[PDB]
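K.L.:
Below you will find the structure I want to go over with you.
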Amino acid sequence: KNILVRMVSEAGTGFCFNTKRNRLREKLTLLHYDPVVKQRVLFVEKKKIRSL
Amino acid sequence: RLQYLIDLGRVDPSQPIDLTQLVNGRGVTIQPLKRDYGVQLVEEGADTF
Amino acid sequence: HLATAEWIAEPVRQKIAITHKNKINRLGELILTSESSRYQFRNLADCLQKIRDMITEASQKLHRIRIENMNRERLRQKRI
Amino acid sequence: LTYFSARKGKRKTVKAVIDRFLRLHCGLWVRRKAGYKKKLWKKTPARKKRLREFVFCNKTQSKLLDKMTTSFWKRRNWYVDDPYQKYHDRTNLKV
Amino acid sequence: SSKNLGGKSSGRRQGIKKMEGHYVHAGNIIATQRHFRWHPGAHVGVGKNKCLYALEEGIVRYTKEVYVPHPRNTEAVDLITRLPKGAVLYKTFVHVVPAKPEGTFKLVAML
Amino acid sequence: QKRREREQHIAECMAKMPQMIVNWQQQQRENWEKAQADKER
Amino acid sequence: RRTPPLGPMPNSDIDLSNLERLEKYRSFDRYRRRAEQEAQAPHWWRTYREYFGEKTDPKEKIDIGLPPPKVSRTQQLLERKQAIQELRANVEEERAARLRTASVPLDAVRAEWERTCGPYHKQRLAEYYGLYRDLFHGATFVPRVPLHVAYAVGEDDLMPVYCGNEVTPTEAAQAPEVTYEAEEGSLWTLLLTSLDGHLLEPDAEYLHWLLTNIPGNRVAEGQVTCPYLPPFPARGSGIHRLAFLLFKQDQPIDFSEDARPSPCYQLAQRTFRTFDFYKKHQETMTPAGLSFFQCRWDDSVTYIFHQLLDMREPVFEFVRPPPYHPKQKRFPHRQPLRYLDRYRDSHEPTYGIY
Amino acid sequence: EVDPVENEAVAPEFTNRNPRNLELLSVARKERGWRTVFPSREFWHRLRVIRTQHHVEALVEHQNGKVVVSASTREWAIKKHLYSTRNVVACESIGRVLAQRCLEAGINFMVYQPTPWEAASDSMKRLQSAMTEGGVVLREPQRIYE
RNA sequence: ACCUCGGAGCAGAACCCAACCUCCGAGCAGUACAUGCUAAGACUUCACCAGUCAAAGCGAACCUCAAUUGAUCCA
Ligand SMILES: [Mg+2]
Ligand SMILES: [Mg+2]
Ligand SMILES: [Mg+2]
Ligand SMILES: [Mg+2]
């Protein structure tokens, strides 16, 4: 029903984090804290790792 | 350690001091087979040297 | 002695006086401390770095005190 | 372990212990928490930090690892920039 | 047969860890509880598993106090507004009476 | 050169960043508007 | 095993026969009022008030004030009421109240508050600040004379001392102007004392001003038994309390054992206790006014220490007790390298015999 | 030897007996806890407003329970200027009076703990506006733990 | 037939306590995207492994739930 998905930073820092989302939804776009640039930037869904 | 050796006379200050003089005065023990690369001079007792 | 320190220029000297009067003794000398090491070499280096930073800065709770001073002015407001 | 080798007649070392544990010269052993790189999407951030910690061992576990390793690993190593140089010794330890 | 399965869980080892009059330090857990048996009082914090820890260092004291819930707690406010007049609810609370002052003013310079 | 290329890429992304912040925020507000329209239906 | 209660149970006088008849709290506010009353009730079990509240002696703190003024309650309520219906007969008052645009004159409010109820509020705030505990050892008095004091600063500017504001010693360097309403033929004594600020004695205080034998409102014609010294709270010593004490004197009193000399710049000679002063002079005067304030360290205070008092300025700082850090184990079983850092002394490397 | 000045005898530990000393230094204890009940008792001074059916009472009180300052529509000094003692005009007037008395007493920071209906009520909003424009701040500064 | 985890009784009141003992469940879901970092002091399922709470601090703002899970190697 859900999926674990990897979202990378739009700051180009290479930072990324994994969340869960419903499989029937679209690609996630979130505002998450990026510790490399020390501020909150956009992250968007690039990959799906496994099914939840 | 260096001042102790100098004052006890095991190391001559009137001649240049190197690993040969330090080992001959037995202030350091060097084991090249145990990956030792020499002697590092550390800062303990810089106030009384 | 801060005032009779001819190696310090005049305008930076009174700037240091009015800035670090917290560290000026009654006989008119600046007193600086270092305790950050067990080597008096490094403590003296820290003291000299404090002197140098202090000179170059001359060359170049707060909310609480501000609000209390504004209220003090609000009580001050009365004219004769 | 091998108490007497067939070639040298000497006590041997367990390389699993060697590549899993670090021995400070004071007699302590440092290790990592099991499962610190597993299922971090399940694990909470406080739990993740607790798993990322470096921890010590029991007296019993330290004695077992001392018995499983030889005396070469118990020597004093004067490394160039060892991050455990300040941990190699005990300070203000009474009994 | 014996179609009853499960129920093999061990005891939780919960309860009081610091009784009355015990000297406590900051951060020491006073009590662990599944439900709110003992309530936090003065200088006693609560962790999200309803655990009680000492926010300051001093002496643990168990008292009995009146219970006034937060007006956003819906179930509690319903119970209060359904309580008859003249009745005051009581609960058991845990306090830490702090032993030391916050600090001292002492001489450091003679400028 | 590697550090300079990295920090230049970060600096470019961060120069472009606030406009993505504001347009994603108005896009999310538009998602909320379509959601309230659909639950008004 | 059970033990019967030592007193009445809390919800015991409520009848449990049928719960549908009894009237009910339908409001959190009503329950809150009842619960606060029950919390203020004494109770025979252990209480947060017992373990944390201040246990003062039930000595029924003695009044050493003036007798209260006498008023005729009947004509007082008559004039209060007739003011009420004349204001309720003014038509525009209804319009202002309903349109929520009315206002209130604060200066007149404060003046007749000083007239009517200001003494009791001032007494309560003096008790809160702890002058009756410190300066008068528990004894209370209602200050029945308004002691208006301001400090002349700038050329047009006045820094007042009402009942505990912060006044810097830059503003407190010179003598403040004092007025208090009075009649001819009544004697007075005014006193400025710094309670907190004694650098040596933790119990005694400092006399800053002892003006005595005042003929009336005129404060410039009294005996200057001690010159005014501006407050000098030490740096990092916190916030200090200074009190103005006004005493009604009926007879003249000689002040020879308490006469500080021509300029007296010695703290040992300026040591004071108001308790001993009023104990020695009790049958002579009665306190009627009180006005205190708070002070902090300043560059003025540095000036008063250095040039006036011939002193090296003391510096204090507020330091905390060291952290607990329990007894160090040889095998810290599930603790970190941070535990070893906790028990380390020096941050610099050591090499022992090497 | 240099003769020491008899005035220079200073104790190595100062004893400041002001009950407001550490509170104004922001190093004093706030009574933390009581997370399961209302109101929160982590403050130094508290504004409490009692709206009775005839009068509006406003108290500034310490955490121990002593009343610091009080201001009521029960008093003539407020009665003789109000049309009625139960208005938002009444609350605004008592707020301006109490704000003046708090500036006069030196209480600059307080914690006001209203119920939701209180805070939504127009009386308490005019109260808080009157206090803020009078000069007191209804949010205490944080304690300096370190 | 059962094998792991949790709740209630047995086990009435600090903790613990078995039976192919009596009942009920769990192998998730929902929200968020600071669900960031770090760090005193503690608890702990009777060992270990594992698990749990958390002051202060930096940086921001102005999680619910009972269980709801799987070590090492290796990929
Ligand atoms: Mg069971
Ligand atoms: Mg069992
Ligand atoms: Mg255990
Ligand atoms: Mg914190």
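Going through the structure tokens in order, the chains are called A, B, and so on, while each chain numbers its residues from 1 and the ligands are numbered from 1 in the order shown.
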Residues near range 106-108 of chain E, anyone? I mean within 9 Å using only C-alpha atoms (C1' of nucleotides), not counting same-chain ones fewer than 2 positions away, as JSON, numbers by chain.
P.N.:
{"E": [104, 110], "G": [237, 314, 315, 316, 317, 318, 319], "H": [10, 11, 12, 13, 14, 15]}
K.L.:
For chain I, work out the contacting residues on chain A at 8 Å, counting only C-alpha atoms (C1' of nucleotides), and write them as a list in words.
P.N.:
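Output check: residues 30, 31, 32, 33 and 35 of chain A.
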K.L.:
Export, as an mmCIF file, in the first residue's frame, the selected residues with N, CA, C and O atoms.
P.N.:
data_model
loop_
_atom_site.group_PDB
_atom_site.id
_atom_site.type_symbol
_atom_site.label_atom_id
_atom_site.label_comp_id
_atom_site.auth_asym_id
_atom_site.auth_seq_id
_atom_site.Cartn_x
_atom_site.Cartn_y
_atom_site.Cartn_z
ATOM 1 N N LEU A 30 8.713 18.122 -0.862
ATOM 2 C CA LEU A 30 8.650 18.541 0.527
ATOM 3 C C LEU A 30 9.658 19.653 0.778
ATOM 4 O O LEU A 30 10.576 19.886 -0.010
ATOM 5 N N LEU A 31 9.468 20.340 1.897
ATOM 6 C CA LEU A 31 10.378 21.375 2.373
ATOM 7 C C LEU A 31 11.076 20.831 3.612
ATOM 8 O O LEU A 31 10.501 20.837 4.705
ATOM 9 N N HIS A 32 12.309 20.364 3.443
ATOM 10 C CA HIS A 32 13.031 19.685 4.507
ATOM 11 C C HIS A 32 14.321 20.431 4.808
ATOM 12 O O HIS A 32 14.871 21.129 3.952
ATOM 13 N N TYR A 33 14.791 20.283 6.041
ATOM 14 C CA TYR A 33 16.006 20.952 6.484
ATOM 15 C C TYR A 33 17.224 20.283 5.864
ATOM 16 O O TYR A 33 17.427 19.074 6.024
ATOM 17 N N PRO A 35 21.117 20.017 6.124
ATOM 18 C CA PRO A 35 22.201 20.388 7.045
ATOM 19 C C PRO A 35 23.475 20.863 6.366
ATOM 20 O O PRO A 35 24.316 21.469 7.043
#
K.L.:
Pull out every residue of chain B that has at least one atom within 12 Å of chain D, counting only C-alpha atoms, and report them as a PDB file with C-alpha atoms, in the first residue's frame.
P.N.:
ATOM      1  CA  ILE B  30      63.245   2.543  19.170  1.00  0.00           C
ATOM      2  CA  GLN B  31      61.790  -0.634  17.633  1.00  0.00           C
ATOM      3  CA  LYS B  34      57.249  -2.447  15.404  1.00  0.00           C
ATOM      4  CA  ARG B  35      56.554   0.243  12.750  1.00  0.00           C
ATOM      5  CA  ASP B  36      58.254   3.017  14.716  1.00  0.00           C
ATOM      6  CA  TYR B  37      59.478   5.798  12.432  1.00  0.00           C
ATOM      7  CA  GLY B  38      61.477   7.805  14.960  1.00  0.00           C
ATOM      8  CA  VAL B  39      61.111  10.249  17.845  1.00  0.00           C
ATOM      9  CA  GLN B  40      58.496  12.991  18.165  1.00  0.00           C
TER      10      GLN B  40
END
K.L.:
Let me see if you get this right: every residue at most 10 Å from ligand 4, counting only C-alpha atoms (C1' of nucleotides) and all ligand atoms, written as a list in words.
P.N.:
residues 39, 54, 55, 56 and 57 of chain I
K.L.:
Residues of chain D within 12 Å of chain A, counting only C-alpha atoms, what are they? List them as a ChimeraX atom specification.
P.N.:
/D:39-43
K.L.:
Would you mind exporting N, CA and C atoms of the selected residues as a compact mmCIF listing (two decimals), in the first residue's frame?
P.N.:
# COMPACT_ATOMS: atom_id res chain seq x y z
N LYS D 39 17.47 -0.75 9.08
CA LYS D 39 16.06 -0.36 9.26
C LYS D 39 15.92 1.01 9.93
N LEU D 40 16.69 1.98 9.42
CA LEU D 40 16.66 3.32 9.99
C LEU D 40 15.36 4.05 9.67
N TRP D 41 14.63 3.60 8.64
CA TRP D 41 13.28 4.13 8.42
C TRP D 41 12.32 3.69 9.52
N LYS D 42 12.54 2.51 10.10
CA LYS D 42 11.77 2.10 11.27
C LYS D 42 12.24 2.81 12.53
N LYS D 43 13.54 3.02 12.66
CA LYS D 43 14.09 3.50 13.92
C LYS D 43 13.89 5.00 14.11
K.L.:
Would you mind listing what lies within 10 Å of residue 14 in chain F as an NGL selection string, with only C-alpha atoms (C1' of nucleotides) counted and same-chain residues fewer than 6 positions away left out?
P.N.:
(:A and (10-12 or 37 or 41)) or (:F and (8 or 20))
K.L.:
Give the residues close to ligand 2, within 12 Å, counting only C-alpha atoms (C1' of nucleotides) and all ligand atoms; write them as a PDB file with N, CA and C atoms (P, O5', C5', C4', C3', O3' and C1' of nucleotides), in the first residue's frame.
P.N.:
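Dumped everything to selection_1.pdb:
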ATOM      1  N   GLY E   6      -0.291 -16.946  23.287  1.00  0.00           N
ATOM      2  CA  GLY E   6       0.201 -15.673  23.763  1.00  0.00           C
ATOM      3  C   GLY E   6       0.161 -15.596  25.281  1.00  0.00           C
ATOM      4  N   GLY E   7       0.320 -14.375  25.783  1.00  0.00           N
ATOM      5  CA  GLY E   7       0.366 -14.179  27.217  1.00  0.00           C
ATOM      6  C   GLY E   7       1.656 -14.623  27.863  1.00  0.00           C
ATOM      7  N   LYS E   8       2.737 -14.712  27.091  1.00  0.00           N
ATOM      8  CA  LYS E   8       4.040 -15.116  27.597  1.00  0.00           C
ATOM      9  C   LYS E   8       4.958 -13.927  27.844  1.00  0.00           C
ATOM     10  N   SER E   9       4.416 -12.711  27.833  1.00  0.00           N
ATOM     11  CA  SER E   9       5.224 -11.521  28.050  1.00  0.00           C
ATOM     12  C   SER E   9       5.675 -11.432  29.501  1.00  0.00           C
ATOM     13  N   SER E  10       6.900 -10.951  29.700  1.00  0.00           N
ATOM     14  CA  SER E  10       7.477 -10.842  31.029  1.00  0.00           C
ATOM     15  C   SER E  10       6.920  -9.616  31.750  1.00  0.00           C
ATOM     16  N   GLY E  11       7.295  -9.470  33.018  1.00  0.00           N
ATOM     17  CA  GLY E  11       6.925  -8.278  33.758  1.00  0.00           C
ATOM     18  C   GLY E  11       7.704  -7.068  33.274  1.00  0.00           C
ATOM     19  N   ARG E  12       7.064  -5.901  33.349  1.00  0.00           N
ATOM     20  CA  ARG E  12       7.648  -4.673  32.826  1.00  0.00           C
ATOM     21  C   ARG E  12       8.665  -4.039  33.763  1.00  0.00           C
TER      22      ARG E  12
ATOM     23  P     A I  11      -2.246 -16.654  43.060  1.00  0.00           P
ATOM     24  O5'   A I  11      -1.972 -15.090  42.944  1.00  0.00           O
ATOM     25  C5'   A I  11      -1.015 -14.447  43.778  1.00  0.00           C
ATOM     26  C4'   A I  11      -0.445 -13.197  43.146  1.00  0.00           C
ATOM     27  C3'   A I  11      -1.436 -12.324  42.377  1.00  0.00           C
ATOM     28  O3'   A I  11      -1.073 -10.954  42.535  1.00  0.00           O
ATOM     29  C1'   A I  11       0.307 -13.007  40.932  1.00  0.00           C
ATOM     30  P     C I  16       7.028  -6.697  37.851  1.00  0.00           P
ATOM     31  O5'   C I  16       7.741  -8.117  37.964  1.00  0.00           O
ATOM     32  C5'   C I  16       9.045  -8.322  37.442  1.00  0.00           C
ATOM     33  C4'   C I  16       9.672  -9.584  37.980  1.00  0.00           C
ATOM     34  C3'   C I  16       8.880 -10.861  37.756  1.00  0.00           C
ATOM     35  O3'   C I  16       9.078 -11.400  36.462  1.00  0.00           O
ATOM     36  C1'   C I  16       9.628 -10.770  40.001  1.00  0.00           C
ATOM     37  P     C I  17       7.836 -11.960  35.614  1.00  0.00           P
ATOM     38  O5'   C I  17       7.476 -13.339  36.321  1.00  0.00           O
ATOM     39  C5'   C I  17       8.422 -14.396  36.397  1.00  0.00           C
ATOM     40  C4'   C I  17       7.959 -15.469  37.346  1.00  0.00           C
ATOM     41  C3'   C I  17       6.559 -16.007  37.091  1.00  0.00           C
ATOM     42  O3'   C I  17       6.548 -17.038  36.116  1.00  0.00           O
ATOM     43  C1'   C I  17       6.830 -15.509  39.401  1.00  0.00           C
ATOM     44  P     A I  18       6.040 -16.757  34.618  1.00  0.00           P
ATOM     45  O5'   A I  18       5.914 -18.212  33.980  1.00  0.00           O
ATOM     46  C5'   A I  18       7.032 -19.088  33.921  1.00  0.00           C
ATOM     47  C4'   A I  18       6.665 -20.470  34.400  1.00  0.00           C
ATOM     48  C3'   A I  18       5.518 -21.139  33.654  1.00  0.00           C
ATOM     49  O3'   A I  18       5.982 -21.844  32.515  1.00  0.00           O
ATOM     50  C1'   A I  18       5.161 -21.288  36.001  1.00  0.00           C
ATOM     51  P     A I  19       5.150 -21.849  31.143  1.00  0.00           P
ATOM     52  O5'   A I  19       4.086 -23.016  31.346  1.00  0.00           O
ATOM     53  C5'   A I  19       4.495 -24.311  31.759  1.00  0.00           C
ATOM     54  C4'   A I  19       3.318 -25.159  32.173  1.00  0.00           C
ATOM     55  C3'   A I  19       2.077 -25.063  31.297  1.00  0.00           C
ATOM     56  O3'   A I  19       2.164 -25.868  30.131  1.00  0.00           O
ATOM     57  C1'   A I  19       1.470 -25.012  33.598  1.00  0.00           C
ATOM     58  P     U I  45      15.670  -5.832  34.460  1.00  0.00           P
ATOM     59  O5'   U I  45      14.998  -7.190  33.973  1.00  0.00           O
ATOM     60  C5'   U I  45      14.964  -7.543  32.593  1.00  0.00           C
ATOM     61  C4'   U I  45      13.750  -8.379  32.271  1.00  0.00           C
ATOM     62  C3'   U I  45      13.798  -9.141  30.948  1.00  0.00           C
ATOM     63  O3'   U I  45      13.054 -10.351  31.092  1.00  0.00           O
ATOM     64  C1'   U I  45      11.958  -7.679  30.935  1.00  0.00           C
ATOM     65  P     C I  46      13.772 -11.784  30.980  1.00  0.00           P
ATOM     66  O5'   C I  46      14.120 -12.164  32.488  1.00  0.00           O
ATOM     67  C5'   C I  46      15.472 -12.265  32.923  1.00  0.00           C
ATOM     68  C4'   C I  46      15.891 -11.057  33.721  1.00  0.00           C
ATOM     69  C3'   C I  46      17.372 -10.992  34.094  1.00  0.00           C
ATOM     70  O3'   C I  46      17.815  -9.637  34.045  1.00  0.00           O
ATOM     71  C1'   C I  46      16.057 -10.921  36.054  1.00  0.00           C
TER      72        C I  46
END
K.L.:
If the limit is 12 Å from any atom of ligand 3, counting only C-alpha atoms (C1' of nucleotides) and all ligand atoms, which residues qualify? Return them as an NGL selection string.
P.N.:
(:E and (12-13)) or (:G and (333-334)) or (:I and (43-52))
K.L.:
Enumerate as a list in words all residues of chain B assigned to alpha helix (DSSP H) by DSSP on the backbone, naming them with the chain letters and numbers the document uses.
P.N.:
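The residues of chain B classed as alpha helix (DSSP H) are residues 2, 3, 4, 5, 6, 7, 8, 19, 20, 21, 22, 23 and 24 of chain B.
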K.L.:
Tell me as number ranges by chain which residues belonging to chain E come within 10 Å of chain I, counting only C-alpha atoms (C1' of nucleotides).
P.N.:
E: 1-17, 19, 25-32, 45-56
K.L.:
Please provide the set of residues having any atom within 10 Å of residue 67 in chain D, restricted to only C-alpha atoms (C1' of nucleotides), with same-chain residues fewer than 6 positions apart removed, written as a ChimeraX atom specification.
P.N.:
/D:1,11,13-14,61
K.L.:
Kindly export the residues of the current selection with N, CA, C and O atoms, as a short mmCIF file (atom, residue, chain, number, x, y, z; two decimals), in the first residue's frame.
P.N.:
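Produced file result_24.cif, reproduced below:
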data_model
loop_
_atom_site.label_atom_id
_atom_site.label_comp_id
_atom_site.auth_asym_id
_atom_site.auth_seq_id
_atom_site.Cartn_x
_atom_site.Cartn_y
_atom_site.Cartn_z
N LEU D 1 39.90 -21.10 20.71
CA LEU D 1 41.07 -20.64 19.97
C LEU D 1 42.17 -21.70 19.96
O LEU D 1 42.03 -22.76 20.57
N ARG D 11 50.26 -19.24 21.13
CA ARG D 11 48.86 -18.85 21.20
C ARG D 11 48.50 -17.98 20.00
O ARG D 11 49.29 -17.15 19.55
N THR D 13 45.38 -15.67 17.64
CA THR D 13 44.46 -14.56 17.78
C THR D 13 43.19 -14.82 16.97
O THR D 13 43.23 -15.48 15.93
N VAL D 14 42.07 -14.31 17.47
CA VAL D 14 40.79 -14.40 16.76
C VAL D 14 40.59 -13.10 15.98
O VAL D 14 40.36 -12.03 16.56
N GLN D 61 33.16 -9.47 29.30
CA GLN D 61 33.41 -9.39 27.86
C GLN D 61 34.84 -8.93 27.57
O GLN D 61 35.49 -9.46 26.66
#
K.L.:
From a DSSP pass on the backbone, collect the residues of range 21-97 of chain E flagged as strand (DSSP E) and hand them back as a ChimeraX atom specification.
P.N.:
/E:23-24,29-32,39-40,44-47,51-54,58-66,90-97
K.L.:
Output C-alpha atoms for every residue in that selection, as an mmCIF file, in the first residue's frame.
P.N.:
data_model
loop_
_atom_site.group_PDB
_atom_site.id
_atom_site.type_symbol
_atom_site.label_atom_id
_atom_site.label_comp_id
_atom_site.auth_asym_id
_atom_site.auth_seq_id
_atom_site.Cartn_x
_atom_site.Cartn_y
_atom_site.Cartn_z
ATOM 1 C CA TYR E 23 17.920 12.123 47.569
ATOM 2 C CA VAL E 24 17.550 12.502 43.815
ATOM 3 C CA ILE E 29 13.770 8.575 36.829
ATOM 4 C CA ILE E 30 11.437 8.692 39.825
ATOM 5 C CA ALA E 31 8.728 6.329 38.585
ATOM 6 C CA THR E 32 7.795 4.335 35.498
ATOM 7 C CA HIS E 39 1.191 12.717 38.451
ATOM 8 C CA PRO E 40 4.058 15.183 37.898
ATOM 9 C CA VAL E 44 9.286 16.687 38.130
ATOM 10 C CA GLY E 45 9.123 16.193 34.385
ATOM 11 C CA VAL E 46 7.172 13.628 32.391
ATOM 12 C CA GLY E 47 8.487 11.669 29.423
ATOM 13 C CA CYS E 51 7.701 8.349 32.981
ATOM 14 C CA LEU E 52 8.572 10.641 35.889
ATOM 15 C CA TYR E 53 12.063 12.116 36.173
ATOM 16 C CA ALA E 54 13.601 14.700 38.488
ATOM 17 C CA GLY E 58 16.782 17.365 45.949
ATOM 18 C CA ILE E 59 14.314 15.304 48.004
ATOM 19 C CA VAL E 60 11.374 13.349 46.567
ATOM 20 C CA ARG E 61 8.040 14.073 48.262
ATOM 21 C CA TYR E 62 4.688 12.413 47.556
ATOM 22 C CA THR E 63 1.663 14.643 48.160
ATOM 23 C CA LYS E 64 -2.054 14.650 47.401
ATOM 24 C CA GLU E 65 -3.418 17.627 45.487
ATOM 25 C CA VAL E 66 -6.559 18.809 43.747
ATOM 26 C CA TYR E 90 -7.808 14.523 43.976
ATOM 27 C CA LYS E 91 -4.652 12.948 42.578
ATOM 28 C CA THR E 92 -1.272 11.861 43.924
ATOM 29 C CA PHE E 93 1.624 14.092 42.871
ATOM 30 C CA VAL E 94 5.410 13.778 43.060
ATOM 31 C CA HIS E 95 7.648 16.752 43.851
ATOM 32 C CA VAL E 96 11.379 17.344 44.150
ATOM 33 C CA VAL E 97 12.227 19.867 46.862
#
